[PDB]
Amino acid sequence: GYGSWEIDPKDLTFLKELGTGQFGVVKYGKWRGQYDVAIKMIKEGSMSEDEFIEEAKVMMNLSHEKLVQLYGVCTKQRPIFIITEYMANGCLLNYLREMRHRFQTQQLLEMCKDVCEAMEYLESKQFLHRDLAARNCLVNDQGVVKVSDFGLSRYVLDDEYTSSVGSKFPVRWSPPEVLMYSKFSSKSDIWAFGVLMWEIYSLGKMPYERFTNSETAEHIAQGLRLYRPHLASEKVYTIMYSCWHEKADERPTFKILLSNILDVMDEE
Ligand SMILES: *[C@@H]([C@H](C#N)C(=O)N1CCC[C@@H](n2nc(-c3ccc(Oc4ccccc4)cc3)c3c(N)ncnc32)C1)C(C)(C)C
Ligand SMILES: [Cl-]
Ligand SMILES: [Cl-]
Ligand SMILES: [Cl-]
Ligand code: NA
Ligand code: NA
Ligand code: NA
Ligand code: NA
Ligand code: NA
Ligand code: NA
Ligand code: NA
Ligand code: NA
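Residues numbered from 1 in each chain as written, not as in the entry; some residues may be left out. Chains lettered and ligands numbered in written order. Heavy atoms only, no water. Residues with missing side-chain atoms left out of burial classes, pairs and counts.

In the PDB archive, X-ray crystallography is given as the structure determination method for this entry, at a resolution of 2.200 Å.

In the nomenclature of the PDB entry, the chain corresponds to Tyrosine-protein kinase BTK from the organism Homo sapiens. The record for the entry shows the title "Bruton's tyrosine kinase in complex with a t-butyl cyanoacrylamide inhibitor".

J.: Explain the side chain of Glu85 to me, please; I cannot follow it from the model alone.
T.: Looking at the element boundaries, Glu85 is found in strand β5 (residues 81-85). Once you skip the residues sitting within four places of it in the chain, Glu85 turns out to touch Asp36, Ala38, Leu67, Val68, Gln69, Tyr71 and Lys146. (Helix = DSSP H or I, 4+ residues; strand = E, 2+ residues; numbered from the N terminus. Contact = heavy atoms within 4.5 Å.)

J.: Help me understand the packing of helix α4 (residues 105-124) against helix α10 (residues 254-267) in this model?
T.: Packed helix pairs are characterised by how far apart their axes lie and by the angle those axes make with each other. Packing of α4 against α10 leaves a shortest axis separation of 9 Å and a crossing angle of 155 degrees. As the angle between them shows, α4 and α10 are arranged roughly antiparallel. The crossing of α4 and α10 is left-handed. When α4 is examined against α10, the residues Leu109, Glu110, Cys112, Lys113, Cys116, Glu117, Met119, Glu120 and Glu123 are found in contact with a partner set consisting of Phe254, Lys255, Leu257, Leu258, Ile261, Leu262, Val264 and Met265. (Axes fitted to C-alpha atoms, helices over the stretch in contact; angles between N-to-C directions. Parallel < 35°, antiparallel > 145°, perpendicular 65-115°, else oblique. Left-handed = near helix turned anticlockwise from the far one by under 90°.)

J.: Looking at this structure, I do not really get the UniProt feature "active site" in the chain. What am I missing?
T.: UniProt records the feature "active site" for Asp131 in the present numbering. Residue placement: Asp131 occurs in the loop between α4 and β6 (137-139). Apart from the residues within four sequence positions on either side, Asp131 is in contact with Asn136, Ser153 and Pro170. (UniProt positions renumbered as here; feature names shortened; annotations may be inferred.)

J.: Could you clarify how one ought to interpret the packing of aromatic side chains in this entry?
T.: Judged by centre distance (6.3 Å) and plane angle (80 degrees), the ring pair of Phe127 and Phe150 falls under edge-to-face. Of this pair, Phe127 sits in the loop between α4 and β6 while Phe150 sits in the loop between β7 (145-147) and α5 (159-162); the two residues are 23 residues apart in sequence, bridging distant segments of the chain. Here the aromatic residues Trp191, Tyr237, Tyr241 and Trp244 are joined through ring pairs into a cluster of three or more. For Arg135, the ring lying beneath its charged end belongs to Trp173, and the centroid distance is 4.3 Å. (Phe/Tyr/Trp six-rings, centres within 6.5 Å; stacked < 30°, edge-to-face > 60°. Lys NZ or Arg CZ within 6 Å of the ring centre and 35° of its normal.)

J.: Please explain the pattern of salt bridges as it appears in this structure.
T.: Pairs may arise between side chains of opposite charge once their charged atoms sit close together. Among the salt bridges present, the one from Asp11 reaches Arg32, with a minimum N-O distance of 3.9 Å. Remark: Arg32 occurs in the loop between β2 (24-31) and β3 (35-42) and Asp11 occurs in the segment before β1 (12-20); sequence separation between them is 21 residues. Across the pair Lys113 and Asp114 runs a salt bridge whose closest N-O atoms are separated by 3.5 Å. Each member of the salt-bridge network shares a partner with another, and the members are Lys66, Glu110, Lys113, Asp114 and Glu117. (Salt bridge = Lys/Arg side-chain N within 4 Å of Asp/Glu carboxyl O.)

J.: Can you walk me through the pairing of β1 in this structure?
T.: In summary, the side chains of a regular strand alternate between the two faces of the sheet. Sheet analysis places β1 next to β2, joined by seven bridges and oriented antiparallel. Note on β2: the bridge partner recorded for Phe14 is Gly29. What sits between β1 and β2 in their antiparallel hairpin is a turn of three residues, with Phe23 showing a positive phi close to 75 degrees. (Pairing = 2+ DSSP bridges.)

J.: It is not clear to me how the environment of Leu258 should be interpreted in this structure. Could you clarify?
T.: Structurally, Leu258 is set in helix α10. Distance in space between the C-alpha atoms of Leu258 and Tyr121 is 11 Å, their sequence separation being 137 residues. If we skip the residues at most four places from it in the chain, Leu258 touches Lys113, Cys116, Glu117 and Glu120.

J.: It is not clear to me how unusual backbone geometry should be interpreted in this structure. Could you clarify?
T.: A negative phi angle characterises most non-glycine residues, just as the trans form characterises most peptide bonds. The linkage connecting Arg78 with the following residue, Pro79, adopts the cis geometry, with an omega of 5 degrees. Position of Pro79 relative to the elements: it lies in the loop between β4 (70-74) and β5. If you check the backbone angles, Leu203 has positive phi at about 55 degrees while not being a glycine. Despite not being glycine, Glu268 has its phi angle at roughly 55 degrees, a positive value. Of note, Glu268 is situated in the segment after α10.

J.: When you look at the domain arrangement of the chain in this model, what are you seeing that I'm missing?
T.: Interface extent is often summarised as the accessible area lost during association of the parts. Taken domain by domain, the chain comprises domain 1 (1-86) and domain 2 (87-268). Relative placement of domain 1 and domain 2: their C-alpha centres are 25 Å apart. Facing 22 residues of domain 1, the contacting portion of domain 2 comprises 23 residues. Every element with two or more residues in the side of domain 1 that touches domain 2 is listed here: α1 (49-54) and α2 (57-60). Considering only residue class, the side of domain 1 that touches domain 2 consists of 10 nonpolar, six polar and six charged. (Domains from an automatic or database assignment. Nonpolar A, V, L, I, M, F, W, Y, C, P; charged D, E, K, R; others polar.)

Structural data, given as structure tokens:
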């Protein structure tokens with residue numbers, strides 16, 4: 001494979017299985033002997049590989065402390081590999097649900113800052129995540145949360161995941177204009193981040209659990225909004241709620257959100 005991001009699959013070793021969900025199978029292993037890596041094997045026939053491989057360099061050149069660090073890719077062979085740093089604490093959703101952790105709200109707010117910093121960066125690069133959620137944020141050994149799987153939704157082939165009315169579509173993290181009119185923008189990521197904050201302060205509860213995905217869709221349009229989690233103060237709830245303005249252009253930017261979050265942090 002030729003390219004500044006191309007990794008030699010011969011430099012990879014596969015040591016342990018990690019899971020088989022978001023866009024493909026994931027393996028833990030070593031890169032060049034030294035570095036721990038996670039290797040995501042995109043399920044063969046998963047998406048527009050001509051399209052992904054084409055507009056991959058944009059994704060790969062993204063660099064921020066709160067984005068899971070991409071080391072490279074293997075695109076000559078099939079399946080396509082994506083190699084990242086190993087995140088020892090796994091997906092944020094499982095991390096939140098683990099009852100032995102006993103979080104303080106101080107830690108929850110820090111998680112929200114970590115992700116907001118990452119999303120602020122992506123916003124400044126006009127790069128949409130399109131599927132922000134706790135299930136695809138990652139946590140490292142030091143408890144730092146990082147954003148992952150950013151932008152991959154673009155190349156999904158299955159209309160069950162691509163179409164708003166689809167079976168596997170992330171309805172619960174989507175705003176009205178996406179569910180009705182499939183309008184993805186910076187403001188749809190804003191909406192999703194709000195639901196993520198709700199996931200965090202709810203310690204991993206499913207949004208709108210009492211409703212199915214089709215019922216949730218029906219209720220969002222019509223003005224249903226997530227209630228205030230018990231662990232969320234009024235100021236925290238105000239922040240996440242501001243992400244859910246019906247009119248997209250009335251929602252804040254990630255710069256503003258980060259500023260709000262830092263003010264609350266300074267108030268303890
Ligand atoms: C999550 C469970 C639990 N418990 C869980 O933590 N994981 C599900 C199985 C995969 C695990 N995993 N995936 C990666 C990973 C992700 C994405 C890429 O490639 C990218 C990165 C950025 C942008 C686009 C594409 C590579 C690798 C992991 C890493 N790096 N470390 C550790 N585990 C990783 C996560 C529920 C099923 C409970 C939600
Ligand atoms: Cl803890
Ligand atoms: Cl999408
Ligand atoms: Cl308050
Ligand atoms: Na391990
Ligand atoms: Na950084
Ligand atoms: Na603790
Ligand atoms: Na934290
Ligand atoms: Na999506
Ligand atoms: Na939008
Ligand atoms: Na409420
Ligand atoms: Na309060």
